[PDB]
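Structure, as structure tokens:
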Amino acid sequence: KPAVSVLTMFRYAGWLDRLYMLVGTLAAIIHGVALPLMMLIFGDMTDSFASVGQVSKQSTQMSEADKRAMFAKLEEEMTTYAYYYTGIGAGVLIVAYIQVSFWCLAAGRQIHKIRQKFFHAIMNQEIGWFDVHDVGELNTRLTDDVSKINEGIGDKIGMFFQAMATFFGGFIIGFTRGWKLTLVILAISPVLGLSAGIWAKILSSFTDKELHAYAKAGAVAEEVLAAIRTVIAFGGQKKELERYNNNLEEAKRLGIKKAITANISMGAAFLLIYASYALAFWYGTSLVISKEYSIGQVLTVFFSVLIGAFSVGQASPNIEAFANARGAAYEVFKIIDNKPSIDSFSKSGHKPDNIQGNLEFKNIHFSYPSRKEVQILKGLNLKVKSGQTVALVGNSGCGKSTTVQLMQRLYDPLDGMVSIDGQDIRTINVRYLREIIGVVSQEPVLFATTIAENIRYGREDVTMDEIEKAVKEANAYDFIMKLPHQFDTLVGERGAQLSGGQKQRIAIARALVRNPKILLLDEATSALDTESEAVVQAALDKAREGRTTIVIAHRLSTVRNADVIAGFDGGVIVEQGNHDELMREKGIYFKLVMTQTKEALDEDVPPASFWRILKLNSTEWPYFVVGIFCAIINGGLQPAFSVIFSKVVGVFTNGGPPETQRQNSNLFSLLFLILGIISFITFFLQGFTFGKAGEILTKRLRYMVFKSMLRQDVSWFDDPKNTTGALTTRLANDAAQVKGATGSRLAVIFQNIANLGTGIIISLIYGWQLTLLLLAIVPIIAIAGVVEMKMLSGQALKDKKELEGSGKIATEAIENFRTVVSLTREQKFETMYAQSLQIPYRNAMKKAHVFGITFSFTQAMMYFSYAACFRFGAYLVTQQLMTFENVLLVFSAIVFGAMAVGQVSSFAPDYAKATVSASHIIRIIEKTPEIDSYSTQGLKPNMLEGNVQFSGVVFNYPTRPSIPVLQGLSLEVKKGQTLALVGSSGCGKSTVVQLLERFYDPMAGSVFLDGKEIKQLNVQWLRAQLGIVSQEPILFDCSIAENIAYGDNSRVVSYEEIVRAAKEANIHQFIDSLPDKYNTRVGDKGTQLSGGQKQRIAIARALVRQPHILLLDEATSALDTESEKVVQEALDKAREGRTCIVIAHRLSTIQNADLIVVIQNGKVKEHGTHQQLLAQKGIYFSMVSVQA
Ligand SMILES: CC(C)[C@H]1NC(=O)c2c[se]c(n2)[C@@H](C(C)C)NC(=O)c2c[se]c(n2)[C@@H](C(C)C)NC(=O)c2c[se]c1n2
């Protein structure tokens, strides 16, 4: 993974930028050391109560002389301590504000220049750059990687400096207040980073082991869902459900262990930090009895050091974000500092005023940049006279268009030069070159705007009248005037789709507006019907007037009208001259003449479900029974801590017998380690309870889910929201993550309710007014912590949604770069981009201010809470209300308990994502279809007749109830006789075949099989005797024997049936010939096969079940040569003794059908045999008159 040097990355910072960064950092530093200072002052705070405990404990000394020496003293000390606390907080809001605000600000101002110059840089690149690069990922880079470099030069490093300042502040205050104790805790430190480092490796080892564990089930997942039509059709749903399941109980069982080890990692962590508490206090409290360190000093150094330690942990992601931001900056700066071979942005060449129009190509050697290994043009020589129209032909290779591509100077020749007049094409400016060179591509292209605007892109300073005149010059003024909104009619990608002819003509106009003296036409008529081709070529011929025109077309019809015809054989131009010369010399030209004669949309729709998801995991009560109790223990573990902590310093603040200062000390210290042991117990237990639970739940769930998917109708997979990828992804992620809402959430809610629950009881007994103040302050800060992540993500989305206005412009400007570059106007697109950017950049100032005041609002009262609680608490302890130890206890319980619930909320997966990803699962499983293939109901007679009779039956697709497909068409087919379907196109060609297979339910009307209605029969048994062959047959990545045997399920197929079904489909010859026999895998993972052979296998497939009904629907549209003959020959011998329904567009193998049905609109307007309908001179006579 690459990265830019740090200095190079802030290259686009300036005066004010460097200023903002420096001031910001300076604020970050002082914000950082604020917390350790708060710790020192905390120690200096406890050291004062320590003196008022011991005196008032032992016996009695002075009743009237204590209120003056103690009560009046502590008020006088807390009146200054309050100033210290509140002071530091009041400063903190300011310094935090400057920090976040300024960093965010400067960052934004840099990014703004970065994205723009990135866009400009992409545009500056020549097409040779676009050839070797993927425009798809480049387009995404402009949004994702610039956003990625935005994060990591802003708030993140502000919080990095703050974090490091908290580190050094903590260690400095530590060493300044305490020498020994700091070295103690730091001596404990290297066993934590050694532990967090090995346990991270263990969890990451099984994590990458899961990816390629379940992938063996995802393979048979995507394979099924992709081939689903043939699956339901061949009813292999059972064998496929099983085949899927057999790869589940080997991939998540691997995950059980990982869940376990993860929990053990967390447990070990708590064990070791609790151990550090035990040891640290065991040393410090024994250090205060020898009256070396005070009690408050122990706290000062312990807190400051621990805080400075965790500061790095909270500095780690902030420096990681800076890191990978440099990695992104590498790609972007690369493009910006890159000046291409052709610029193409500033004039450096001449601008001829003649301007003539004489073309010349002298000794052109050129090969494409993508493949330097294959040379294209070798000594290309070709001159073109003024106004003379020259055509290119020969069917050599890309060379043709390459010449055209060389002409607008897209590429530059390897050897030789392309000269216009007496000057080379490189000795002239490139902008001006392409302004005087028009071009019409093989595929037209229009930008999402108005026709008028699409024209403007050819020339900006054109009046409406000029636009009109130009439109007329392209024979486009007719249909455009017919458009509803005239010239303001929308076009392009989204809105008002046009025909290829119209779209192309508009482009002819666009080019014509430039008034070029040279006109290039690369397959302009190509990919167009014979009717539009007339008008298009008509405009073109009138556009070749007064202009020097080179033209390449696949159709030699419009070629003979040129002045010079040039032929291409290999890399050189061999035959050149008039039409008659090339006809007379019988060249390549003559030979050709004779040879040619959804992510958001998904998550939005489901409502629900409040805690019903748990009912899914409910199948295993015990794991949860142990889990909940364990969770309550691990939860009550935290309140215990804050109690025992308050008891450590309590015995050194409330005095008492000095002889009992040690006896107590060592008790509590050791007890902490005890509190550690049980903490490693709970997590070891939890990882066996919930950990297993959600995993079993996962496996099981997927099974159910997958089964559910196979139950659905075919109408559900046609639904635009359910694709094989989205379904397999739904299966791979949301099915696993459901566990989040089951065990883990119970664990969290119980650890929380135990912690804050029991903890609030304790703090309520040890304090009335103080606890009531704390249960007031803490929730208020907690609400702020929510609002913090509300206005953060909230205005994070608002910024992106106003950034799509740019994203569109960029995207359109990139995917059609090769187009715009020929119309120049790249700078016009840049200007559009900036005009789109000017609005969210203006909202970056207010943005920074907002992040500022929000962050500072949260951060400010985080110290004011200390100030309030300790002031009020001091007010308590000083007066008759007791005591200090109780103040510290209440504080610790409620506050650090409240932080504890934060950590517990952060552990488990996100409940929101869990629930929404669960709802899809519960809806998918509980989804009852119209057509059920699992039902064990149905007739199943003894009659092997098979008569198909559609009566009435009007149908329309559920996906799109617009222009119904079947308007109640009717027909009938008897046994043996085969039907034929003829029409303009599909619908309802395929629809009928699909209805017999029962893929849909017609709104009104019925379809009868034999004497019974279809809906009365068994769904599966109906498809048990229905054979089906689509246009593009698919096989399974298993094997051939299984593929053939896949036709008939719920039975042992064996060698006999397969060889018998192979020999009659005429595929047996191809099997022994290619090593080895039947064991081969198809396809893509094994030996590839041509469509012919694969389809033959697909026939031998449908033939195994001995179907009395074959459904043939546009079987072979892509089969050529003598491969289509043997296929249909193999078909003909299996069409006897079976009812068949054939659909073809060939119209040459329908002449021998028994019945031929001409379906038009939504009904049958012609029926009978071939010659019968032929003598009818209806629509069948006009449809068969195109066979010449
Ligand atoms: C250190 C920071 C990560 C962070 N710790 C936690 O957010 C946390 C989440 Se569970 C937990 N801590 C447990 C647990 C670690 C045993 N410890 C306590 O409940 C506890 C009772 Se007294 C006390 N801490 C003192 C300390 C210094 C004795 N801590 C602080 O003044 C302090 C200010 Se921020 C912060 N700590």
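Letters A, B, ... go to the chains of the structure tokens in the order shown; residues in each chain start at 1; ligands are counted from 1 in the same order.
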Could you build a table of the residues in chain A lying no more than 7 Å from ligand 1, giving for each the nearest pair of atoms and their separation in Å rounded to one decimal place, using only C-alpha atoms and all ligand atoms, ordered by chain and ascending residue number, as CSV?
residue,atom,partner,partner_atom_place_in_ligand_line,distance
A:273,CA,ligand 1,15 (C),6.4
A:274,CA,ligand 1,16 (C),5.6
A:302,CA,ligand 1,27 (C),6.1
A:303,CA,ligand 1,27 (C),3.8
A:306,CA,ligand 1,1 (C),5.6
A:307,CA,ligand 1,1 (C),4.9
A:310,CA,ligand 1,3 (C),5.4
A:638,CA,ligand 1,19 (O),6.3
A:641,CA,ligand 1,21 (C),6.4
A:642,CA,ligand 1,21 (C),4.7
A:645,CA,ligand 1,22 (Se),6.2
A:892,CA,ligand 1,21 (C),5.4
A:896,CA,ligand 1,19 (O),4.4
A:897,CA,ligand 1,19 (O),6.1
A:899,CA,ligand 1,9 (C),5.1
A:900,CA,ligand 1,10 (Se),4.1
A:903,CA,ligand 1,9 (C),6.0
Contacts of residue 876 in chain A within 12 Å, only C-alpha atoms, excl. fewer than 3 positions in-chain, as a PyMOL selection string:
chain A and resi 71+74-75+78+766-771+773+869-873+879-888
Contacts of residue 84 in chain A at 10 Å (only C-alpha atoms; same-chain gap of 3+ positions) as an MDAnalysis selection string
chainID A and resid 37:38 41 78:81 87:90 867
A:569, A:47, A:360, A:1120 ranked by distance to residue 397 in chain A, top pick (using only C-alpha atoms)
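Between A:569, A:47, A:360, A:1120, the residue approaching residue 397 in chain A most closely is A:569.
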Need the shell around residue 593 in chain A: protein/DNA/RNA residues with any atom at most 12 Å away, counting only C-alpha atoms. Skip same-chain ones fewer than 3 positions apart. Format as a ChimeraX atom specification?
/A:393-395,554-557,559-560,579,582-583,586-590,596-597
Using the selection just defined, write its residues with N, CA, C and O atoms as a CSV table (one decimal), in the first residue's frame.
chain,number,residue,atom,x,y,z
A,393,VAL,N,-12.6,1.2,-46.4
A,393,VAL,CA,-13.2,-0.2,-46.4
A,393,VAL,C,-12.1,-1.2,-46.4
A,393,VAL,O,-10.9,-0.9,-46.3
A,394,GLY,N,-12.5,-2.5,-46.5
A,394,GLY,CA,-11.5,-3.6,-46.6
A,394,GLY,C,-11.7,-4.6,-45.6
A,394,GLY,O,-11.3,-5.8,-45.8
A,395,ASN,N,-12.3,-4.2,-44.5
A,395,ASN,CA,-12.5,-5.1,-43.3
A,395,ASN,C,-11.2,-5.7,-42.8
A,395,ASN,O,-11.0,-6.9,-42.6
A,554,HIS,N,-20.1,0.1,-42.4
A,554,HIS,CA,-20.1,-1.3,-42.6
A,554,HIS,C,-20.9,-1.7,-43.8
A,554,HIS,O,-20.6,-2.7,-44.5
A,555,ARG,N,-21.9,-0.9,-44.1
A,555,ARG,CA,-22.8,-1.1,-45.3
A,555,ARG,C,-22.2,-0.4,-46.5
A,555,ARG,O,-22.1,0.9,-46.5
A,556,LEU,N,-21.8,-1.1,-47.5
A,556,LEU,CA,-21.2,-0.6,-48.7
A,556,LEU,C,-22.1,0.1,-49.6
A,556,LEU,O,-21.8,0.6,-50.7
A,557,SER,N,-23.4,0.2,-49.2
A,557,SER,CA,-24.4,0.9,-50.0
A,557,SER,C,-24.1,2.3,-50.2
A,557,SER,O,-24.2,2.8,-51.3
A,559,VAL,N,-21.3,3.7,-49.8
A,559,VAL,CA,-19.9,3.9,-50.1
A,559,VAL,C,-19.6,4.2,-51.5
A,559,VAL,O,-18.7,5.0,-51.8
A,560,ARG,N,-20.3,3.7,-52.5
A,560,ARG,CA,-20.0,3.9,-53.9
A,560,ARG,C,-20.2,5.4,-54.3
A,560,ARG,O,-19.7,5.7,-55.4
A,579,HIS,N,-14.6,4.0,-57.7
A,579,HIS,CA,-15.4,2.8,-57.5
A,579,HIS,C,-15.2,1.8,-58.6
A,579,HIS,O,-15.0,0.6,-58.4
A,582,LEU,N,-11.8,-0.1,-58.5
A,582,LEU,CA,-11.7,-1.1,-57.5
A,582,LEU,C,-12.6,-2.3,-57.9
A,582,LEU,O,-12.3,-3.5,-57.5
A,583,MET,N,-13.7,-2.1,-58.6
A,583,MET,CA,-14.5,-3.1,-59.1
A,583,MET,C,-13.8,-3.9,-60.2
A,583,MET,O,-13.9,-5.1,-60.3
A,586,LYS,N,-10.8,-6.3,-59.1
A,586,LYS,CA,-11.3,-7.4,-58.3
A,586,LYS,C,-10.6,-7.5,-57.0
A,586,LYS,O,-10.2,-8.6,-56.6
A,587,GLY,N,-10.4,-6.4,-56.3
A,587,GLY,CA,-9.7,-6.4,-55.0
A,587,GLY,C,-10.5,-6.8,-53.8
A,587,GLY,O,-11.5,-7.5,-53.9
A,588,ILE,N,-10.0,-6.4,-52.6
A,588,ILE,CA,-10.7,-6.7,-51.4
A,588,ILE,C,-12.1,-6.0,-51.3
A,588,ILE,O,-13.0,-6.6,-50.8
A,589,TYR,N,-12.2,-4.8,-51.9
A,589,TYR,CA,-13.4,-4.1,-52.0
A,589,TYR,C,-14.4,-5.0,-52.7
A,589,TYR,O,-15.6,-5.2,-52.3
A,590,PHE,N,-14.0,-5.6,-53.9
A,590,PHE,CA,-14.8,-6.4,-54.7
A,590,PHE,C,-15.2,-7.7,-54.0
A,590,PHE,O,-16.4,-8.2,-54.1
A,596,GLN,N,-21.1,-9.7,-49.2
A,596,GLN,CA,-22.2,-9.0,-48.6
A,596,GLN,C,-23.4,-8.8,-49.5
A,596,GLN,O,-24.3,-8.1,-49.1
A,597,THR,N,-23.3,-9.4,-50.7
A,597,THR,CA,-24.3,-9.3,-51.7
A,597,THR,C,-24.7,-7.9,-52.0
A,597,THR,O,-23.9,-7.2,-52.7
Identify all residues of range 1093-1124 of chain A in strand (DSSP E or B) (DSSP on the backbone) and supply them as number ranges by chain.
A: 1109-1113
From the options A:832, A:667, A:848, A:1053, which residue's atoms come nearest to residue 286 in chain A, counting only C-alpha atoms?
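Of the candidates, the smallest distance to residue 286 in chain A is held by A:667.
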Determine, counting only C-alpha atoms, which protein, DNA and RNA residues have an atom within 12 Å of an atom of residue 1148 in chain A; residues of the same chain fewer than 3 positions away are not included. Present the result as a ChimeraX atom specification.
/A:980,982,1143-1145,1151-1153,1170,1183-1188
Counting only C-alpha atoms, what is within 8 Å of range 485-495 of chain A, bar same-chain residues fewer than 5 positions away, as a PDB file with N, CA, C and O atoms, in the first residue's frame?
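Output (result14.pdb):
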ATOM      1  N   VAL A 445     -24.662  10.007 -28.664  1.00  0.00           N
ATOM      2  CA  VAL A 445     -24.663  10.257 -27.233  1.00  0.00           C
ATOM      3  C   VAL A 445     -25.159  11.663 -26.919  1.00  0.00           C
ATOM      4  O   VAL A 445     -24.684  12.643 -27.490  1.00  0.00           O
ATOM      5  N   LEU A 446     -26.128  11.750 -26.014  1.00  0.00           N
ATOM      6  CA  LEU A 446     -26.707  13.033 -25.633  1.00  0.00           C
ATOM      7  C   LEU A 446     -26.681  13.218 -24.123  1.00  0.00           C
ATOM      8  O   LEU A 446     -26.912  12.274 -23.369  1.00  0.00           O
ATOM      9  N   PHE A 447     -26.381  14.436 -23.690  1.00  0.00           N
ATOM     10  CA  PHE A 447     -26.274  14.731 -22.272  1.00  0.00           C
ATOM     11  C   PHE A 447     -27.637  15.023 -21.669  1.00  0.00           C
ATOM     12  O   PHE A 447     -28.514  15.584 -22.328  1.00  0.00           O
ATOM     13  N   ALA A 448     -27.806  14.631 -20.412  1.00  0.00           N
ATOM     14  CA  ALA A 448     -29.060  14.845 -19.708  1.00  0.00           C
ATOM     15  C   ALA A 448     -29.356  16.331 -19.563  1.00  0.00           C
ATOM     16  O   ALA A 448     -29.055  16.941 -18.539  1.00  0.00           O
ATOM     17  N   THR A 449     -29.933  16.904 -20.613  1.00  0.00           N
ATOM     18  CA  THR A 449     -30.374  18.291 -20.605  1.00  0.00           C
ATOM     19  C   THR A 449     -31.389  18.494 -21.716  1.00  0.00           C
ATOM     20  O   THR A 449     -32.039  17.544 -22.152  1.00  0.00           O
ATOM     21  N   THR A 450     -31.523  19.731 -22.179  1.00  0.00           N
ATOM     22  CA  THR A 450     -32.429  20.031 -23.276  1.00  0.00           C
ATOM     23  C   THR A 450     -31.731  19.810 -24.613  1.00  0.00           C
ATOM     24  O   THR A 450     -30.502  19.737 -24.678  1.00  0.00           O
ATOM     25  N   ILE A 451     -32.523  19.691 -25.674  1.00  0.00           N
ATOM     26  CA  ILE A 451     -31.984  19.584 -27.021  1.00  0.00           C
ATOM     27  C   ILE A 451     -31.138  20.814 -27.296  1.00  0.00           C
ATOM     28  O   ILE A 451     -30.008  20.711 -27.776  1.00  0.00           O
ATOM     29  N   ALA A 452     -31.706  21.977 -26.980  1.00  0.00           N
ATOM     30  CA  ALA A 452     -31.009  23.246 -27.105  1.00  0.00           C
ATOM     31  C   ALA A 452     -29.657  23.173 -26.407  1.00  0.00           C
ATOM     32  O   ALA A 452     -28.631  23.508 -26.994  1.00  0.00           O
ATOM     33  N   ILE A 480     -38.565  17.131 -33.547  1.00  0.00           N
ATOM     34  CA  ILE A 480     -38.280  17.972 -32.389  1.00  0.00           C
ATOM     35  C   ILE A 480     -39.414  18.966 -32.177  1.00  0.00           C
ATOM     36  O   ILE A 480     -39.849  19.197 -31.049  1.00  0.00           O
TER      37      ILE A 480
END
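Shortest atom-to-atom contact with residue 405 in chain A among A:524, A:600, A:127, A:918: A:127, counting only C-alpha atoms.
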From the options A:158, A:24, A:983, A:607, which residue's atoms come nearest to residue 920 in chain A, counting only C-alpha atoms?
A:607
Could you name the residues that touch range 940-944 of chain A at 12 Å or less, counting only C-alpha atoms, but leaving out those on the same chain fewer than 3 positions away, as a PyMOL selection string?
chain A and resi 936-937+947+975-976+1009-1012+1014+1016-1025+1106-1109+1137-1139
For the residues in the current selection, export N, CA, C and O atoms as an mmCIF file, in the first residue's frame.
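See part.cif below for the written result:
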data_model
loop_
_atom_site.group_PDB
_atom_site.id
_atom_site.type_symbol
_atom_site.label_atom_id
_atom_site.label_comp_id
_atom_site.auth_asym_id
_atom_site.auth_seq_id
_atom_site.Cartn_x
_atom_site.Cartn_y
_atom_site.Cartn_z
ATOM 1 N N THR A 936 -47.667 -31.179 -0.821
ATOM 2 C CA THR A 936 -47.771 -32.591 -1.145
ATOM 3 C C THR A 936 -49.210 -32.943 -1.562
ATOM 4 O O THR A 936 -49.616 -34.103 -1.533
ATOM 5 N N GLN A 937 -49.962 -31.921 -1.966
ATOM 6 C CA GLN A 937 -51.324 -32.071 -2.469
ATOM 7 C C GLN A 937 -51.265 -32.189 -3.989
ATOM 8 O O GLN A 937 -50.227 -31.917 -4.594
ATOM 9 N N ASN A 947 -53.062 -33.087 -22.658
ATOM 10 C CA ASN A 947 -53.708 -32.150 -23.571
ATOM 11 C C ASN A 947 -53.709 -30.730 -23.021
ATOM 12 O O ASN A 947 -54.213 -30.481 -21.928
ATOM 13 N N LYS A 975 -52.428 -34.359 -28.031
ATOM 14 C CA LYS A 975 -51.266 -35.211 -27.814
ATOM 15 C C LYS A 975 -50.562 -35.519 -29.126
ATOM 16 O O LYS A 975 -51.209 -35.779 -30.142
ATOM 17 N N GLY A 976 -49.234 -35.486 -29.100
ATOM 18 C CA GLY A 976 -48.440 -35.757 -30.283
ATOM 19 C C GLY A 976 -48.221 -34.520 -31.130
ATOM 20 O O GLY A 976 -47.083 -34.178 -31.463
ATOM 21 N N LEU A 1009 -55.251 -28.540 -18.320
ATOM 22 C CA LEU A 1009 -54.413 -29.660 -18.721
ATOM 23 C C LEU A 1009 -55.252 -30.930 -18.667
ATOM 24 O O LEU A 1009 -55.782 -31.280 -17.609
ATOM 25 N N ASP A 1010 -55.363 -31.614 -19.806
ATOM 26 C CA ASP A 1010 -56.253 -32.763 -19.953
ATOM 27 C C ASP A 1010 -57.691 -32.340 -19.669
ATOM 28 O O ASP A 1010 -58.207 -31.414 -20.296
ATOM 29 N N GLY A 1011 -58.331 -33.012 -18.719
ATOM 30 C CA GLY A 1011 -59.696 -32.683 -18.352
ATOM 31 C C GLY A 1011 -59.784 -31.741 -17.164
ATOM 32 O O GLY A 1011 -60.811 -31.094 -16.952
ATOM 33 N N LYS A 1012 -58.707 -31.666 -16.385
ATOM 34 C CA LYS A 1012 -58.691 -30.847 -15.174
ATOM 35 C C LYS A 1012 -58.111 -29.462 -15.418
ATOM 36 O O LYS A 1012 -57.398 -29.240 -16.392
ATOM 37 N N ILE A 1014 -55.472 -26.515 -14.341
ATOM 38 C CA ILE A 1014 -54.102 -26.593 -13.843
ATOM 39 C C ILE A 1014 -54.035 -26.393 -12.332
ATOM 40 O O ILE A 1014 -53.422 -27.192 -11.624
ATOM 41 N N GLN A 1016 -55.827 -27.082 -10.034
ATOM 42 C CA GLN A 1016 -56.288 -28.217 -9.245
ATOM 43 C C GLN A 1016 -55.182 -29.267 -9.100
ATOM 44 O O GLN A 1016 -55.116 -29.981 -8.095
ATOM 45 N N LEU A 1017 -54.303 -29.339 -10.096
ATOM 46 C CA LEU A 1017 -53.201 -30.297 -10.083
ATOM 47 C C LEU A 1017 -52.159 -29.963 -9.021
ATOM 48 O O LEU A 1017 -52.215 -28.905 -8.394
ATOM 49 N N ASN A 1018 -51.211 -30.876 -8.823
ATOM 50 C CA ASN A 1018 -50.046 -30.613 -7.978
ATOM 51 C C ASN A 1018 -49.051 -29.737 -8.713
ATOM 52 O O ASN A 1018 -48.699 -30.015 -9.858
ATOM 53 N N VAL A 1019 -48.592 -28.686 -8.048
ATOM 54 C CA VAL A 1019 -47.659 -27.752 -8.655
ATOM 55 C C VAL A 1019 -46.374 -28.444 -9.107
ATOM 56 O O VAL A 1019 -45.946 -28.292 -10.250
ATOM 57 N N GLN A 1020 -45.770 -29.218 -8.214
ATOM 58 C CA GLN A 1020 -44.510 -29.886 -8.516
ATOM 59 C C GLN A 1020 -44.710 -30.986 -9.549
ATOM 60 O O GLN A 1020 -43.946 -31.091 -10.505
ATOM 61 N N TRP A 1021 -45.741 -31.804 -9.350
ATOM 62 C CA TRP A 1021 -46.042 -32.900 -10.263
ATOM 63 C C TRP A 1021 -46.409 -32.383 -11.652
ATOM 64 O O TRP A 1021 -46.279 -33.104 -12.638
ATOM 65 N N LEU A 1022 -46.871 -31.137 -11.732
ATOM 66 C CA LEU A 1022 -47.164 -30.517 -13.025
ATOM 67 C C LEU A 1022 -45.873 -30.310 -13.807
ATOM 68 O O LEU A 1022 -45.816 -30.543 -15.017
ATOM 69 N N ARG A 1023 -44.838 -29.867 -13.099
ATOM 70 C CA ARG A 1023 -43.537 -29.628 -13.705
ATOM 71 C C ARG A 1023 -42.704 -30.903 -13.730
ATOM 72 O O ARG A 1023 -41.585 -30.915 -14.238
ATOM 73 N N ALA A 1024 -43.255 -31.978 -13.175
ATOM 74 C CA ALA A 1024 -42.580 -33.268 -13.201
ATOM 75 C C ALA A 1024 -42.643 -33.872 -14.600
ATOM 76 O O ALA A 1024 -41.744 -34.606 -15.009
ATOM 77 N N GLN A 1025 -43.705 -33.552 -15.335
ATOM 78 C CA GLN A 1025 -43.862 -34.048 -16.699
ATOM 79 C C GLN A 1025 -43.772 -32.940 -17.751
ATOM 80 O O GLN A 1025 -44.046 -33.167 -18.930
ATOM 81 N N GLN A 1106 -38.728 -38.299 -19.168
ATOM 82 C CA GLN A 1106 -39.721 -38.779 -20.135
ATOM 83 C C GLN A 1106 -40.972 -37.906 -20.135
ATOM 84 O O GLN A 1106 -42.059 -38.368 -19.795
ATOM 85 N N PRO A 1107 -40.819 -36.632 -20.520
ATOM 86 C CA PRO A 1107 -41.933 -35.686 -20.440
ATOM 87 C C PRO A 1107 -42.905 -35.868 -21.594
ATOM 88 O O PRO A 1107 -42.490 -36.076 -22.733
ATOM 89 N N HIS A 1108 -44.194 -35.788 -21.294
ATOM 90 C CA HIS A 1108 -45.211 -35.878 -22.325
ATOM 91 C C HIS A 1108 -45.445 -34.495 -22.903
ATOM 92 O O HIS A 1108 -46.217 -34.324 -23.847
ATOM 93 N N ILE A 1109 -44.770 -33.505 -22.328
ATOM 94 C CA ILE A 1109 -44.856 -32.136 -22.818
ATOM 95 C C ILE A 1109 -43.491 -31.450 -22.865
ATOM 96 O O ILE A 1109 -42.884 -31.186 -21.826
ATOM 97 N N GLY A 1137 -44.450 -38.752 -30.183
ATOM 98 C CA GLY A 1137 -45.077 -39.342 -29.015
ATOM 99 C C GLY A 1137 -45.133 -38.367 -27.853
ATOM 100 O O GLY A 1137 -45.432 -38.750 -26.723
ATOM 101 N N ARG A 1138 -44.839 -37.101 -28.134
ATOM 102 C CA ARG A 1138 -44.860 -36.057 -27.112
ATOM 103 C C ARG A 1138 -45.566 -34.798 -27.603
ATOM 104 O O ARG A 1138 -45.455 -34.424 -28.772
ATOM 105 N N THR A 1139 -46.296 -34.149 -26.703
ATOM 106 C CA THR A 1139 -46.882 -32.851 -26.998
ATOM 107 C C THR A 1139 -45.786 -31.790 -26.901
ATOM 108 O O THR A 1139 -45.005 -31.777 -25.954
#
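Taking only C-alpha atoms into account, residue 537 in chain A lies nearest to A:558 out of the set A:558, A:207, A:549, A:99.
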Kindly provide the residues of range 983-1028 of chain A that approach range 965-974 of chain A to within 10 Å, each paired with its closest atom pair and their distance in Å to one decimal, based on only C-alpha atoms, listed by chain and increasing number, as CSV.
residue,atom,partner,partner_atom,distance
A:986,CA,A:965,CA,9.2
A:987,CA,A:965,CA,5.5
A:988,CA,A:965,CA,5.8
A:989,CA,A:965,CA,9.5
A:991,CA,A:965,CA,8.0
A:992,CA,A:966,CA,8.8
A:1002,CA,A:966,CA,8.8
A:1003,CA,A:968,CA,9.6
A:1004,CA,A:968,CA,8.0
A:1005,CA,A:968,CA,7.3
A:1006,CA,A:968,CA,9.6
A:1007,CA,A:970,CA,8.9
A:1008,CA,A:972,CA,9.1
A:1009,CA,A:972,CA,9.8
A:1010,CA,A:974,CA,9.0
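Remark: for residue 574 in chain A, the closest of the candidate residues A:663, A:458, A:1065, A:379 is A:379 (distances computed over only C-alpha atoms).
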